[PDB]
Amino acid sequence: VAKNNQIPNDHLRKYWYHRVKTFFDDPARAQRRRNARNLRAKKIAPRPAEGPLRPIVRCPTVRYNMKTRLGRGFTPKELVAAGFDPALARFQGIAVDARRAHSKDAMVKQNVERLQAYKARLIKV
Amino acid sequence: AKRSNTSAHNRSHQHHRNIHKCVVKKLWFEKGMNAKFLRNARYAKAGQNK
Amino acid sequence: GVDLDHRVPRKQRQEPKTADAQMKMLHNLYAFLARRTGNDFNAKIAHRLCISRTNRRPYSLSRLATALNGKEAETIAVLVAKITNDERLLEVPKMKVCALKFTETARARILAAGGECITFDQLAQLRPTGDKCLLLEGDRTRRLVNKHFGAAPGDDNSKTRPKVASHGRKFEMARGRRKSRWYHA
Amino acid sequence: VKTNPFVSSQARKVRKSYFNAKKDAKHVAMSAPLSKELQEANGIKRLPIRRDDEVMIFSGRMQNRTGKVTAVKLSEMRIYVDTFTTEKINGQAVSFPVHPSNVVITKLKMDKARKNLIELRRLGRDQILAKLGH
Amino acid sequence: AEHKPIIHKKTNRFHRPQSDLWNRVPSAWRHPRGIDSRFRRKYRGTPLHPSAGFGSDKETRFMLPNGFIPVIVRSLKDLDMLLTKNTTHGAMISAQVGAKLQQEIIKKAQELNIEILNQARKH
Amino acid sequence: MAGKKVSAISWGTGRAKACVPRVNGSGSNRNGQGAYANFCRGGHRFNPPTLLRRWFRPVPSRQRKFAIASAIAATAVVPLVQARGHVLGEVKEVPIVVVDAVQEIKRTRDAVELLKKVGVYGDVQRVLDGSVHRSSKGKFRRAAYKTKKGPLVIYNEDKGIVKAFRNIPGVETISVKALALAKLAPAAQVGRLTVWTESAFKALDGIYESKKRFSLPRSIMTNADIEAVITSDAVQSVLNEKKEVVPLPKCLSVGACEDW
Amino acid sequence: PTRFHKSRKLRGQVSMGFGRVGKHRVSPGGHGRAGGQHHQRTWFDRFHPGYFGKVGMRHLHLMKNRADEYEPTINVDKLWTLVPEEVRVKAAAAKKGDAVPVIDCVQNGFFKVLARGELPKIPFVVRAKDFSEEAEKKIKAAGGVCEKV
RNA sequence: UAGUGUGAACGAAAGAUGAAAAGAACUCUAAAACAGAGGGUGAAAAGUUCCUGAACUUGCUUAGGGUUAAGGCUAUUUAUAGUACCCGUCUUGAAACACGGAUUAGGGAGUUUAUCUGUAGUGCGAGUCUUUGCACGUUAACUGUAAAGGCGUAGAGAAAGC
RNA sequence: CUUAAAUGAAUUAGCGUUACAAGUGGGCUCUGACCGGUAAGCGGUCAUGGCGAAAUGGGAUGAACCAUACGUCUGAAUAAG
RNA sequence: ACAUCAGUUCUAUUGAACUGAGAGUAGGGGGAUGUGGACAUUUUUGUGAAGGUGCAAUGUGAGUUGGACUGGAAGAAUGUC
RNA sequence: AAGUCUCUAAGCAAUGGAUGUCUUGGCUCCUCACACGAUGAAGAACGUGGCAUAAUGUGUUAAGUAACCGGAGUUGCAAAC
């Protein structure tokens, strides 16, 4: 300890120098990810690769009430209102979530209209 | 074991390399002084500007 | 054998330590004037161009509106710094300004109220004497590093702010800072 | 510039692969141009050399002689020839090795594989010059 | 050209201390840092230290016994440097440059009047 | 774990040897030899390059976008391009823009026939004659001769143009959409000779208008040079007269000392 | 990098800028913050006073998305910064009537409002969670409304 | 691997003829696969752990000095005059009867990472950073970009509340 | 606010302020003053100087005393002696 | 008389004229030399590269350069890293 | 007042293996893979080639044999095809 510097706070008393993790993989990791999702989208064809379709969902705590994000899946209530079969709708390319039941009336009207726009121009081979 | 206790041989030398005169900012020291005096010295200033 | 004090206490910056063309160039313009015209205005502008970037503090646009309120037209606010606009000032006056750089927010504001956006080599043609000019400067001690400077904290009373990562209770608020825990500075 | 990643452009790796190639690649590496009498006849410039045929070297001590190939050598990477002999200090002729890329092939002897190689490269050279358009 | 009489101020090279004695120690100068060193102290019967005192005149620095300041010349293209300063500087052709290009640089120099300081290569 | 593979315990004082670590065992002759120290033969070296080390410098993205702007500015301005080391000759104007039908060039006869007509093939001849050697040991690991970096060619889109210019020494193709410092200003030396396409060249005001964080950098001066400003009569009237130093004599000053 | 270091110029100099008599060695003081109440106390006392000791009330399970910790603040002088500048110029030219623009603080992530500086005399409506006493006073005096959420 | 120890274990040194063996026939002295000398091969002996072949040490030849241990520096008419204690090191103090140092070559010691401090340079500026990642690529680079997040923009108090 | 009258010792000199950091925290000593001791080239203090980090000349010889503190050279006249 | 480092009078574009100073351990600052590799730019080399041995210059100096013998294939310069 | 001795220098050698130039070897980073074994693995021993000690192939079918795929001598001497 010397001079006017702030108290010496370095969390380096454990043998960190044995447990090192260098990230020279990162741009090669990017290609292993990227070559996977191209070898996906060929095998998934003719189905749309950006799917499956997911609901709009409000974030929980006080400082994210503003924002709205993608959820996990639509409720069995929201599918039946829109005109779908809850079990079979997984294989039509719509993610389904049985658990969520705190979504109030305003965000249901989005997600019904979201599924109707999908079901309007879904077609079958 | 037994080394020297002190010296002042070249205290004078070091002091004179630079006895800088530390100047006072103002003669009043309002932390001290009578509160009863300074209390009235506020109401002299406050009444004047109005 | 001669009795002199050979040491230098005071260096002073003579020419700028930047490796630009343009800052080195228009230093020599105002160095040339400061010698030859023999004037207090141009001597200052010459020296301001020498000095490091920390001392050239960014003189904001609301301070510029306060200075020029009173002063009549054809009066340039010369300013060896960057100008940065204030959000909180709402309607800018129409004002003539000279500085090294503006921020692109500030240049929009000054031009949109019929102002002027003058460079230093442009100003050397207009006003060599600096007649109806107005030199301004930002305050030196407005930097955050400057608040750590002074008597060491704990001198009763330093008012100097100790160098700390994390603020709150728990970090440097007990034995020294308050009279309950032994002593107060 | 190469696009194929799996071929290496380091000098260490290429020399090691070259000297320790398989037997089939080393025969192809040992090759030479034909003389212009044989180029118009067979319709190819470049061919790999066998113990049948004979060859003719410009520039050397052994300048401008024909002579048949006694032995190819793939480890030593050179060709022994008839005629190409200095004597020792003892009265004994010893055949002297020469690298084929200095040398022109003056006569050739057919093999089923040699005819089958030539008919491929003739048909290949007709396609490529039509593509480039000379 | 016209100049002063050249005078050097020191004739010989400076040796390192104790370099005469030992073969491990090379005779290139090194400033002695020994605490008890006689040489650092400057006693009598030590060599004088190399120092700005011994600096030659600003006119006559790098100047040969001939007159001219030697610029090194590595090719025919580098000989254009001496075209401006003809009778102050002068040419000095490199040791790398072979016998054929030696003769071409002399032939180029005799046209342009630049005195070549290299001498007696031979043959 | 290099140089510490050996066993080694350091003997101690008493034996009239230095206290450095010494490999143990018998009969090898290797044994009883100093090891494990930087000064010892086959010891661990003092701090050779680690993975720990920081390699990559995160240079701020405004200052990256600053430098490609200033390099493209410098690709004009004919002092700079020859001051790098080019043989542009005549025509002497820079930059060179070319009509967009050259973007459909396929074969390399046509690409070579392009450059000599627009007057750039002087710089390609600078590459072809006069190779450049590697004095260093770098020759073992990266080819004995280097090659010169000649012209540059820019196109908005590729129609086999890249294939055509590929293989000609010294010419580097880029898209206008990419751009880079390593191409435009190699070894930090601004002004490479650029051969723009029309469709590339007309994009640039569209590009630098609609870049998100970046905005286009201002100068401090309005003019290029000072000398017009000082020599003007607006300045000159205010100046004092140009002084010059007297040299002083070395020597009877006074008119009558003989009265005394 | 390694060229520009002071170490590079100190070849020949025997100590490399670290003294003869003292001898530069690895543990002068002791490790890290050691001897803070003993032999390095002068450093702690002089530069970081109040370091030693316990103060305050323990807080268990502190979360900062609660509306107890989390209150971002904004000031009365601005607010108008949140809206673009075409809006309030139209709002300046208006009667005592209609079309008074709603400056939503809560969308932009500002819960409380705090009067440090001035306003103009434009009408407006602040939607926010909370106010100060003086911030509520200044918004009235400009000629505008204080909504709560 | 050689090699050491009953054993667990320990563990070296050692690359380069020339383009191609054309790797030195045959003769003479000699007891002679001792060792040379002639004569040859090759562009050149580079002649078999053979490219270049440094220093220490040694041999031969040439030239000077020598009662002053030798060496150094200054000055000249070149063997004289004057001068000159042995470097490195801890030390108040080293020529010391303080310690290290027989000779020579090659190795041989303030470097890098994290969290910060302050000064100077650079870009933007009430903002700023584009990186986790996605889209590009002549592909680890470079280039483009959405949204969060970091630090800054308001602080004091143990805390409530402000 | 203003009514009066001036820059009212010598000699010298630009003065003020901030930031970052090195080494150091064993000293020794001449001439005087002094405490302890029979005394010490002994131990512990004080004032200016010196050495340490200061060559050169002088005291034959010497860290400390006297003259004097130094770029490389060429002269003149001196200091201690 | 000459060199260096300060300063004073001036000077656009890097300079001019003139004045003053000279110890230095621990330690600090400024400018410069050399080595392994890199990116540009420019070359040299079987009419003999690097290396090595002696000699003559040149720089205050770290160094650098010439020519002779030896050697038999690569080296170096300028600016940045 | 002697020297073949001893001291110093230069030239030609002996000894020694530095310097310089070379590089089918390392080191690291990234990629792909892990499908060994009672159907006898990994490891050990000894055999076996015309001249073969180590290593590498290989197991009395022992530098190999059969089938399919390559397709003409992959090195000193000798021998066969």
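Neighbour counts are summed over all protein chains in view; Cβ atoms, including those assigned to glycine, are modelled from backbone coordinates with ideal geometry. Bear in mind these aren't lab numbers, they're just calculated from the coordinates by the rules spelled out.
In a residue-by-residue description of the stretch F:46-57, the property of being more than 18 Å from the chain's Cα centre (by Cα), exposed (fewer than 10 other Cβ atoms within 10 Å of the Cβ) and under 30 Å from residue F:215 (Cα atoms) applies to at least one position.
With respect to being surrounded by 16 or more Cβ atoms within 10 Å (Cβ to Cβ), more than 10 Å from RNA strand H (Cβ to nearest atom) and not β-branched (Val, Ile, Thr), residue F:149 fits the description. The residue of the stretch E:6-45 that is farthest from the other protein chains (Cβ to nearest Cβ), among those that are among the hydroxyl-bearing types (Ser, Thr, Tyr) and exposed (fewer than 10 other Cβ atoms within 10 Å of the Cβ), is E:11.
The single residue among E:101, E:79 that is surrounded by 12 or more Cβ atoms within 10 Å (Cβ to Cβ), more than 7 Å from RNA strand J (Cβ to nearest atom), of a type outside the set (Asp, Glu) and over 21 Å from residue E:3 (Cβ atoms) turns out to be E:79.
Restricted to the stretch E:56-68, and to residues there that are over 13 Å from the mean Cα position of the chain (by Cα) and either loosely packed, with under 10 Cβ neighbours inside 10 Å or not in a loop (DSSP other than H, G, I, E, B) (or both), the residue that is farthest from RNA strand I (Cβ to nearest atom) is E:59. Candidates in the stretch F:199-216 are the residues that are surrounded by fewer than 11 Cβ atoms within 10 Å (Cβ to Cβ) and part of a helix (DSSP H, G or I); of these, the one that is farthest from the other protein chains (Cβ to nearest Cβ) is F:206.
Per-residue answers, yes or no, for (1) crowded, with 20+ Cβ neighbours inside 10 Å; (2) more than 14 Å from chain F (Cβ to nearest Cβ); (3) assigned to a loop (DSSP other than H, G, I, E, B):
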| position | (1), (2), (3) |
| --- | --- |
| C:55 | no, yes, yes |
| C:79 | yes, no, no |
| C:87 | no, yes, yes |
| C:90 | no, yes, yes |
| C:111 | no, no, no |
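Residues in the stretch C:38-67 that are within 16 Å of RNA strand H (Cβ to nearest atom) and among the basic types (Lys, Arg): C:48, C:53, C:56, C:57, C:63. Tallying residues that are farther than 12 Å from residue C:32 by Cα and more than 9 Å from chain C (Cβ to nearest Cβ) within the stretch F:217-227 yields 2.
Residues that are in contact with a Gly (Cβ under 8 Å, 6 or more places away or on another chain) and surrounded by 17 or more Cβ atoms within 10 Å (Cβ to Cβ) within the stretch A:67-114 comprise A:94, A:96, listed in sequence order.
If you go through the stretch D:71-82 and keep only what is more than 13 Å from residue D:100 (Cα to Cα) and loosely packed, with under 13 Cβ neighbours inside 10 Å, you end up with just D:75. Residue pairs whose Cβ atoms lie under 7 Å apart, sitting 6 or more positions apart in sequence or on different chains, and linking a residue in the stretch G:92-113 that is over 17 Å from residue G:146 (Cβ atoms) to a partner that is of a type in the set (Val, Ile, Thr), are G:92/G:122.
Every listed requirement among (1) of a type in the set (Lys, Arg); (2) within 16 Å of RNA strand H (Cβ to nearest atom); (3) farther than 30 Å from residue G:69 by Cβ; (4) not in a helix (DSSP H, G or I) is met by residue A:37 save one, (4). Pairs linking a residue in the stretch C:171-185 that is within 7 Å of chain G (Cβ to nearest Cβ) and within 13 Å of residue G:54 (Cα to Cα) to a residue that is exposed (fewer than 15 other Cβ atoms within 10 Å of the Cβ) and of a type in the set (D, E, K, R), with Cβ atoms under 7 Å and 6 or more positions apart or on different chains, are C:174/G:54. Listed by position, the strands (runs of 3 or more DSSP E) inside the stretch G:1-120 whose residues that are more than 13 Å from every other protein chain (Cβ to nearest Cβ) number at least 2 are G:102-104, G:112-114.
Residue A:26 fulfils the conditions (1) closer than 30 Å to residue A:89 by Cα; (2) within 14 Å of RNA strand K (Cβ to nearest atom) except for a single criterion, (1). From the list C:143, C:127, the lone residue that is more than 13 Å from chain G (Cβ to nearest Cβ), in contact with a strand residue (DSSP E or B) (Cβ under 8 Å, 6 or more places away or on another chain) and basic (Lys, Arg) is C:127. For the stretch E:41-48, check the following and say yes or no: at least one residue is at positive phi, within 16 Å of RNA strand I (Cβ to nearest atom) and over 18 Å from the mean Cα position of the chain (by Cα). Scanning the stretch E:41-48 turns up at least one residue that is at positive phi, within 16 Å of RNA strand I (Cβ to nearest atom) and over 18 Å from the mean Cα position of the chain (by Cα).
Of the residues making up the stretch F:139-165, those that are part of a helix (DSSP H, G or I) and within 12 Å of another protein chain (Cβ to nearest Cβ) are F:139, F:140, F:141, F:142, F:162, F:163, F:165. The test for being within 24 Å of residue C:157 (Cα to Cα), exposed (fewer than 10 other Cβ atoms within 10 Å of the Cβ) and either within 14 Å of chain C (Cβ to nearest Cβ) or within 16 Å of RNA strand J (Cβ to nearest atom) (or both) holds for residue B:25. From the list F:44, F:86, the lone residue that is within 16 Å of RNA strand K (Cβ to nearest atom) and not charged (D, E, K, R) is F:44. Residues in the stretch A:40-69 that are more than 14 Å from every other protein chain (Cβ to nearest Cβ) and assigned to a loop (DSSP other than H, G, I, E, B): A:45, A:46, A:47, A:48, A:49, A:50, A:51, A:52, A:54, A:55. Of the numbered criteria (1) in contact with a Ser or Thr (Cβ under 6 Å, 6 or more places away or on another chain); (2) of a type in the set (D, E, K, R); (3) within 21 Å of residue F:191 (Cα to Cα), the one residue F:116 fails is (1).
The condition of being outside any loop (DSSP other than H, G, I, E, B), closer than 26 Å to residue F:181 by Cα and within 16 Å of RNA strand J (Cβ to nearest atom) holds for only one of F:124, F:94, that being F:124. Within the span defined as the stretch G:23-30, every residue fails to be out of contact with any helix residue (DSSP H, G or I) (no Cβ under 7 Å at 6 or more places or on another chain), of a type in the set (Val, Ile, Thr), on the phi > 0 side of the Ramachandran plot and surrounded by fewer than 13 Cβ atoms within 10 Å (Cβ to Cβ).
Of all residues in the stretch F:228-251 being small (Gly, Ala, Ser) and more than 8 Å from every other protein chain (Cβ to nearest Cβ), which is nearest to the chain's Cα centre (by Cα)? If we take residues in the stretch F:228-251 being small (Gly, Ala, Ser) and more than 8 Å from every other protein chain (Cβ to nearest Cβ), then F:228 is nearest to the chain's Cα centre (by Cα). Among the residues of the stretch C:142-169, the one identified as of a type in the set (S, T, N, Q) and in a helix (DSSP H, G or I) is C:146.
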